[PDB]
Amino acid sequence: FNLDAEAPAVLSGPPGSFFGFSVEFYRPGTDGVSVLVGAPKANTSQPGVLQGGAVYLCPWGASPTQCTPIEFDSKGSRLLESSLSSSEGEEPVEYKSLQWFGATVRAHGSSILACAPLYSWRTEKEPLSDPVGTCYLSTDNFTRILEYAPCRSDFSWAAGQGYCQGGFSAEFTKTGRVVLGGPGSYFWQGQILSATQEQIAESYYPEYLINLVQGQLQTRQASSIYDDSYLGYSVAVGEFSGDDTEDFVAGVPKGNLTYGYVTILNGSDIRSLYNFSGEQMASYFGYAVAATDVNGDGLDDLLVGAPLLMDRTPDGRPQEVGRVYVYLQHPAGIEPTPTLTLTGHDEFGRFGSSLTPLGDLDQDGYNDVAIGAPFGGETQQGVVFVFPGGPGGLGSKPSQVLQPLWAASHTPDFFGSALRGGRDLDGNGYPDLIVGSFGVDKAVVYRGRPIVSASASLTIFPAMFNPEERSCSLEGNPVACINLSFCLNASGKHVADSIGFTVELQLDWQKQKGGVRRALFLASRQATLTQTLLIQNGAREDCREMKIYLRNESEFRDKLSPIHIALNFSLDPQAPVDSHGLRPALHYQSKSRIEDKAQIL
């Protein structure tokens, strides 16, 4: 609820470049804050490389010029050694055109990882089109740039690592270890490959295309009854074993006769610890996976997306909606059946498509989650859902719905197909959110807003109007008056100490229909009163008092119906801008309108 969906920041990139396919927070040490945007169909200067793909660095603090492409590789593709130009020596040894560099962008510390899952190379031997994929690591704020392609090895064809597409998915551990998914290894069994940054650098020798990394971690090839599982179709990290080295969560969407499963591999030795199976055939369980603690106990919980899940309407029609499954981890272990399931509403709006930990968005001591249906919404543009963490698991109803404020183009926006949250771009101690709309070459940055929660009380002292008992005056005549009082408690974590509120009292509210209004304020001789109050953050119930009289008329007709009173308040929409131009927000779980009666005997 506390995301600036009203006016968020909209970056954009070259048309048709899929700018926004993956998205990333970057901070080289302490706050050189930037948003990272992959654009894998983008043109580059690289000698003779058609749409090689780029990654844009987008520095946060407002600029004259927006995003510039980081240069991981300004070179075209290396040539084949075997024959430089011996008789017909012209051949490149690798194919960088259409390689989709930027399809996966991840950062940890000053290190940035960017992969190209459609990088293919001819071997140095018999010619092949082996789409082994490659990543590019840049270390220490671009001091050193490392290529890392663990699947570009001495085993080269579908039967080995040739079709691995290592990089298809990727993420860092909390120590900067690199984790890779390669969906196509060993006749598409899939593979998880990991190495520490030091190992990568120890082994990087770009004069030779094959760099065996020592101490590399690798899932071993299984018997052919496992072919076409797509292990590593997606990846996440978190602590699911007892120890202190982060463990690996890997999508395996075609795994169990095309019902899915997710695996959790022991961060230490890449051995198997957990399996969670999907419910429905060809649902794509494990299409997307997240890992974050959503309940409170500092134990990471598992989240799985199955965007193709088909269910039945109450009226029996089948429909494709997508479903997300939450698995709460207890000290005992992890629950094999899930705890929660979520289910998209929109047909074909692939609900389970992407997931991000948002950290704790509303700063209420619980971690929240964002989930996208890139085809949900009134016009198929795409939608992102924010679900709140509570004591007893992840909230089964969304605290906010995000939709693109632009009009649908001719082509699908894919708004929400990529997500990254749980980091703090601006001043406030509120996490923010990057949502990728690659269909129209855009990425949207949403910011966490300061949360103010208030609550008002409104009490009428002599609730009975006694028309003949008139113990106060204003004009010549005495009138029957009543005491109105109202009080106002407000608080908020990262907000200023004194908080502006405007307050509006309405007497004879239900008489809004242009008629007679029977109660008026002693001060103004009118029915309504707008006002300003400064409330302090942890202050007392800050009360105000006032006198209202019944009309001196034995002349107005309506003597039966009660006199209705309504207090409504709101955060003052003026003067409030602090560190970064971002007005505070009212907590949606606080009643900003309050209604009470007063009756004539």
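Note that residue numbering begins at 1 and tracks the sequence as displayed.
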item: Mean Cα B-factor comparison, 467 to 475 or 214 to 222, giving the higher one as deposited; value: 467 to 475
item: 311 to 319 versus 279 to 287 - greater average Cα B-factor per the deposited record; value: 311 to 319
item: Top Cα B factor in the deposited entry, candidates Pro450, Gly349, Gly260, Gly133; value: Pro450
item: Deposited CA B-factor, highest of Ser129, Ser153, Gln510, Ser229; value: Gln510
item: Entry-reported Cα temperature factor of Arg518, expressed as the chain third it lands in; value: highest
item: Ranked against its chain, the third holding the CA B-factor of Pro584; value: highest
item: Record-listed C-alpha B factor of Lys174: chain third; value: lowest
item: Ranked C-alpha temperature factor of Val10 among modelled chain residues, by third; value: middle
item: Ranked C-alpha temperature factor of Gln400 among modelled chain residues, by third; value: middle
